[PDB]
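S.K.: The structure's right below; bear with me while I get my questions together.
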2 protein chains.
Amino acid sequence: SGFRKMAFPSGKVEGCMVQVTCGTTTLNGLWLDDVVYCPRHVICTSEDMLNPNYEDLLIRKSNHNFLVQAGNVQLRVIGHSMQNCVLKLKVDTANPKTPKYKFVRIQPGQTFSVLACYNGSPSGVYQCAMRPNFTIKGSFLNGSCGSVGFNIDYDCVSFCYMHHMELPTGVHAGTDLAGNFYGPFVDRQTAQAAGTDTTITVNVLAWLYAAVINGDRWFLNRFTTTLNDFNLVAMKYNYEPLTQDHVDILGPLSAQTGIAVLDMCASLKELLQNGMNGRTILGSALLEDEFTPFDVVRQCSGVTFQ
Amino acid sequence: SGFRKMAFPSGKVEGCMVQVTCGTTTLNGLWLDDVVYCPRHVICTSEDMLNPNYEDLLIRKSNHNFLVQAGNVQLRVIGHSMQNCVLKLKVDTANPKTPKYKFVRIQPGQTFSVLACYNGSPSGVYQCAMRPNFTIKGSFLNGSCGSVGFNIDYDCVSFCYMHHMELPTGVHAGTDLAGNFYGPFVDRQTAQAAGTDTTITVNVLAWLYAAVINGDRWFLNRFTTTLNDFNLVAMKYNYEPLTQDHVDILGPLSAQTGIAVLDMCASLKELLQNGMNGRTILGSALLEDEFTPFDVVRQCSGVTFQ
Ligand SMILES: *[C@](O)(C(=O)NCC1CC1)[C@H](C[C@@H]1CCNC1=O)NC(=O)[C@@H]1[C@@H]2[C@H](CN1C(=O)[C@@H](NC(=O)NC(C)(C)C)C(C)(C)C)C2(C)C
Ligand SMILES: *[C@](O)(C(=O)NCC1CC1)[C@H](C[C@@H]1CCNC1=O)NC(=O)[C@@H]1[C@@H]2[C@H](CN1C(=O)[C@@H](NC(=O)NC(C)(C)C)C(C)(C)C)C2(C)C
């Protein structure tokens, strides 16, 4: 037993991180086969950041302007192209440590592991969720652009995030690995605000099921509720609407614990209306929303990865 | 910015995990050079667990009774010996992925990353602290024995924990990599209780400094306190005594933020005496004690590892 904010083992991604240096700018890139992916604002300078035209900026670049370092080994760039907000550097050497991989654009509410990197060297790994407002509450310092977020499924790394920027509220915005930002953000220093966030209701319910699996039941009650009546209380507390489709996803957890999804909604309703009154759930004094139903089942049943 | 419960990149350890199978028992082992380390109760059976004599049990074993699998490759055991509560299996092949490493026995209050494993395959990675009562609040299912905890320093993996067992309160107990249990625990199914835990005061103070570094200052106050007067309030709230030596460790954090260690103690005192009154710190509604002063400095300044 026990329940922890668990990240995927990071080794498969560690072997893909490289340093990309152009001009006075150094950041991380992701080396898969013979391509290095990195944020396109690596071609920017101290006065470019304000309103750069990256098409113009990139046509002025030569391959040899791109210094790619894989450890103590310098990769030669033999081509470059821009795809949305990512730069793709064709190099003469295919990464021999390239895992089986996919690029995936995730939905808000889904979680992933972030391998935080500086100068192509991993610093740490942690679990994030894509917030409903398409920010992530990460831990990112200057140097960390190009660090990627990912999930692993048996043996395949599904890359879903690459870090680009920090918003004035201390949260983070980035792209999928095809360079499309999550949310309305652009890689420009212009006024941008995160948008009002909301709590991921289906994930809170998953975590409540995690709690029950793990012996916390103080929050359960004999009541039930309708999905309509639940969503009328959720709206009030700035929780995402729960859909029948969320209900069906919570099925297996509902089945393992013997608590109907709608009964767990009645518990969450009372938790929203009364607070926790000085009690904790799974070592938290807040309702936790960065575990998906899949995360809970993974950790409470022990799925591995090769 | 941002602050997350960050684990070390796990790749260096992933390459060392193997499956050790003896009799009806399968668990994880740690393959470094030509030795596989694993919990000695791998030699136990369904009725051995009650009061086994592992010396007697092990002399009855042959090398060929030990099935060690490194992926799709079966390691041949050419010797075995018991060191405290760990078994050391000499194998004919040295792990080519053996990192630079050390075995270290940590002090309560220190943190580490746990690479949770089943059948020699990594499941996830998370950050733990050694509690003052020498348990760890982990996430461990059946199959997870032999998973290790570790820290990394530049390029060296310092192994400090190997998982053995779960206590009836849902917490976990294990050994260092030389087989010595942390705390009064034994690898026997006899009555054992964790001992009363306490909060790691110096770590809470570190995390408060993390908060200030990251823009949370609502909890600060103009007051100060003496170490004596602080420790009189700490005792009351079942916090560890703060020593002058803890104070000196908190120096660099005190210097970077401009808040004297004793002033942050006055803040913590008021937080203990008044609660947080519906406010959060670093996304927590509890005082967090599983970040060391070093953890905070690592994450707030961006140290990496090669
Ligand atoms: C990233 O480019 C990086 O790691 N680069 C290393 C090169 C500089 C040596 C950084 C990572 C952020 C820094 C702090 N936390 C981070 O996640 N990203 C940036 O520097 C981006 C790039 C220009 C500005 N920027 C920012 O994140 C900045 N925020 C910002 O301007 N945001 C709004 C929404 C436009 C207001 C800031 C944090 C440096 C002020 C790009 C956006 C092109
Ligand atoms: C470990 O041996 C393992 O992973 N083995 C895989 C082999 C069995 C297929 C497990 C890991 C624990 C199981 C659940 N969570 C865990 O961390 N450890 C054990 O099974 C140990 C070994 C015997 C009993 N045991 C326990 O953890 C048990 N606890 C217990 O008996 N504790 C007290 C303090 C003695 C009461 C229990 C959880 C299975 C009941 C050993 C202690 C020899």
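Please note that chains go A, B, ... in the order of the structure tokens, that every chain numbers its residues from 1, and that ligands are numbered from 1 in the order shown.
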With only C-alpha atoms considered, list every residue of chain A at most 9 Å from chain B, as a ChimeraX atom specification.

M.R.: /A:1-15,71,115-119,121-127,137-144,166,170-172,214-215,283-286,298-306

S.K.: Taking only C-alpha atoms and all ligand atoms and a cut-off of 8 Å, can you tell me which residues surround ligand 1, written as an MDAnalysis selection string?

M.R.: (chainID A and resid 24:28 39 41:42 44 49:50 118 139:146 163:168 172:173 185:193) or (chainID B and resid 1)

S.K.: Would you export the selected residues with C-alpha atoms as a short mmCIF file (atom, residue, chain, number, x, y, z; two decimals), in the first residue's frame, please?

M.R.:
data_model
loop_
_atom_site.label_atom_id
_atom_site.label_comp_id
_atom_site.auth_asym_id
_atom_site.auth_seq_id
_atom_site.Cartn_x
_atom_site.Cartn_y
_atom_site.Cartn_z
CA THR A 24 24.13 33.43 -26.90
CA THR A 25 21.27 30.99 -26.26
CA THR A 26 21.64 27.52 -24.78
CA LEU A 27 18.80 25.13 -24.10
CA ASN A 28 17.89 21.46 -24.20
CA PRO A 39 12.11 25.26 -28.99
CA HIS A 41 13.19 30.60 -29.80
CA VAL A 42 16.76 29.19 -29.64
CA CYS A 44 16.36 34.53 -30.82
CA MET A 49 12.21 38.17 -27.94
CA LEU A 50 9.74 41.09 -28.21
CA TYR A 118 19.77 22.08 -17.91
CA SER A 139 9.38 23.51 -11.60
CA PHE A 140 11.47 25.27 -14.27
CA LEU A 141 14.39 27.66 -14.10
CA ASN A 142 16.24 29.50 -16.77
CA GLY A 143 17.97 26.87 -18.88
CA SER A 144 15.11 24.43 -18.71
CA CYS A 145 13.49 25.13 -22.11
CA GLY A 146 13.38 21.98 -24.20
CA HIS A 163 8.88 23.39 -22.15
CA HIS A 164 9.00 26.95 -23.57
CA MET A 165 8.07 29.62 -21.07
CA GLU A 166 6.86 30.80 -17.69
CA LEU A 167 3.77 32.90 -17.11
CA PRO A 168 3.76 35.77 -14.59
CA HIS A 172 4.38 27.18 -17.30
CA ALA A 173 3.41 26.90 -20.93
CA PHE A 185 -0.04 31.02 -25.72
CA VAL A 186 2.56 32.22 -28.20
CA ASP A 187 6.35 32.20 -27.92
CA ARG A 188 6.56 35.99 -27.80
CA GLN A 189 7.15 38.39 -24.93
CA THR A 190 3.73 39.97 -25.21
CA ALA A 191 1.03 40.26 -22.55
CA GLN A 192 -0.37 36.81 -21.86
CA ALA A 193 -2.42 35.56 -18.92
CA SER B 1 10.09 29.07 -10.62
#

S.K.: Enter the distance from atom CA of residue 228 of chain A to atom CA of residue 241 of chain A, in Å, rounded to one decimal.

M.R.: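 One can read the atom CA of residue 228 of chain A to atom CA of residue 241 of chain A distance as 9.5 Å.
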
S.K.: List the neighbours of residue 233 of chain B out to 10 Å using only C-alpha atoms; skip same-chain residues closer than 3 positions along the sequence, and give me the result as a list in words.

M.R.: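 The neighbour list is residues 228, 229, 230, 236, 237, 238, 239, 241, 268, 269, 270, 272 and 273 of chain B.
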
S.K.: Measuring between only C-alpha atoms, which one of B:264, B:156, B:91, B:130 shows the shortest distance to residue 225 of chain B?

M.R.: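 Among the listed residues, B:264 lies closest to residue 225 of chain B.
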
S.K.: For the atom pair atom 9 (C, counted along the ligand's line) of ligand 2 and atom CA of residue 46 of chain B, what is the interatomic distance in Å to one decimal place?

M.R.: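 Computing it gives 10.2 Å between the two atoms.
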